[PDB]
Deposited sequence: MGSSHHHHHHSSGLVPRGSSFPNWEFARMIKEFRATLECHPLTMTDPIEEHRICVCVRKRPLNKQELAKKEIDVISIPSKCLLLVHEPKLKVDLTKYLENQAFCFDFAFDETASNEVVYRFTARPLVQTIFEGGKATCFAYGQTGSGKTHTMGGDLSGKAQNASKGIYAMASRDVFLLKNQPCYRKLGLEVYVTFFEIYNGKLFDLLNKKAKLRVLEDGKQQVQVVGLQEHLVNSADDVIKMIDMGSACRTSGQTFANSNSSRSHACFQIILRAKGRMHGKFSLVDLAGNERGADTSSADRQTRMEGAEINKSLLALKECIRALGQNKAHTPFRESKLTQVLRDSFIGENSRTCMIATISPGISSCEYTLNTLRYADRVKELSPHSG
């Protein structure tokens, strides 16, 4: 694809770039939508994959889409997408976390609900981002916040869960992949019956849990959900749910992802009710899509190679419609 690479180089040599750094200020969003470009791996560089993604600013991602005219003239359809944050291949997990999940950790101490989702094709970087990862960094900061004088008063304990969702069925990853069941009552309250919450006193305990759990969980065909639950005297104070979604590149997965978008869209419009029932994922998280102090972030992970271009565009089109 020598000519497409040449055109991409000419575009990049003229593009003056000012991407995100950590001295950009943390932003407080109800709905935060971001994109994360991973680097080409050694195998992609070996197969001579072209990088078709540029990030000229904090908010802007460009796709250099290779196109053919009817007369077989090669050109680039350079497509732009605008997000709350765009993270390039130099952004570490710590930098991503700062602008996404980290500002939502306080939310659960104010008695709110927080969610964080990684979304994109298999091989994009969802598990790398969540599972070092955002689960561990959130857990760390939860234990720093609850040792502070303000919140050390409240008598808070920290509990955790870790489950996967495959083909509309929930499996407990901390209790031997037991097939739990999700039930809803007349007041639209949802409970995952048989899901045990595990008490934890340190972030090191949680990392042992995530490692225990990850060993259990193709994991590209399932959702994995790790929850941090704050309880005040056994009474729930706050909850953070963090989800490594199934790869979006079949019919169960697609309806699940579509369901999630609609629930996030409803949260965005501060609606009293959302269409939570349309997948198991959204049913289990129903509580996180409603309320005054409910907040969410989604990280759309992308593979930058020319051969993934159509999957990249699908991911970006979806992420584009998550926040209005």
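**Student:** What are the unmodelled segments when the structure is compared with the full deposited sequence, in sequence order?
**Tutor:** Gaps in the modelled chain, taken against the deposited sequence, lie at 1-22, 154-164, 251-259, 292-306, 382-387.
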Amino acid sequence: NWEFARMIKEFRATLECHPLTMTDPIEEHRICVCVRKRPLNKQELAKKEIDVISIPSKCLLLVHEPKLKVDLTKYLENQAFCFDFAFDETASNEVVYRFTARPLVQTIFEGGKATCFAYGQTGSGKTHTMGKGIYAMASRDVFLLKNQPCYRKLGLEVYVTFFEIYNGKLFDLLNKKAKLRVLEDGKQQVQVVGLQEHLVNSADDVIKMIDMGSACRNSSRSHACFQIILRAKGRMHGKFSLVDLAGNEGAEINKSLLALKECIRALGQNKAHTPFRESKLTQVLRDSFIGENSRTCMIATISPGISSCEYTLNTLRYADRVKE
From here on, numbers count along this sequence of modelled residues.
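**Student:** Looking only at CA atoms, which has the higher mean B factor in the entry: 1-9 or 314-322?
**Tutor:** Per the PDB entry, the higher value belongs to 1-9.
**Student:** When the C-alpha temperature factors are averaged for each of 57-65 and 290-298, which stretch ends up with the higher value in the entry?
**Tutor:** For C-alpha atoms only, the mean B-factor is higher in 290-298.
**Student:** Name the residue from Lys132, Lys239, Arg98, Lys126 with the greatest C-alpha temperature factor listed in the entry.
**Tutor:** Of the candidates given, the C-alpha B-factor peaks at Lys132.
**Student:** Per the entry, which of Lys48, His29, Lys261, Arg38 tops the list for Cα B factor?
**Tutor:** That would be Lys48.
**Student:** Pull the Cα B-factor of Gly168 out of the PDB entry and bin it into the chain's lowest, middle or highest third.
**Tutor:** Answer is highest: the recorded C-alpha B-factor places it there.
**Student:** Ordered by C-alpha B-factor within the chain, which third holds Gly120? Give me lowest, middle or highest, please.
**Tutor:** Tercile = lowest for this residue's CA B-factor.
**Student:** Taking the C-alpha B-factors as the PDB entry records them, is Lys208 in the lowest, middle or highest third of its chain?
**Tutor:** Its C-alpha B-factor, which the entry lists for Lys208, ranks in the highest third among residues of this chain.
**Student:** By the record's CA B-factor, is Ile306 among the lowest, middle or highest third of residues in the chain?
**Tutor:** Its C-alpha B-factor, which the entry lists for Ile306, ranks in the lowest third among residues of this chain.
**Student:** Considering only modelled residues of the same chain, in which third does the CA B-factor of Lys74 rank: lowest, middle or highest?
**Tutor:** Middle third - that is where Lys74 ends up once the chain's C-alpha B-factors are sorted.
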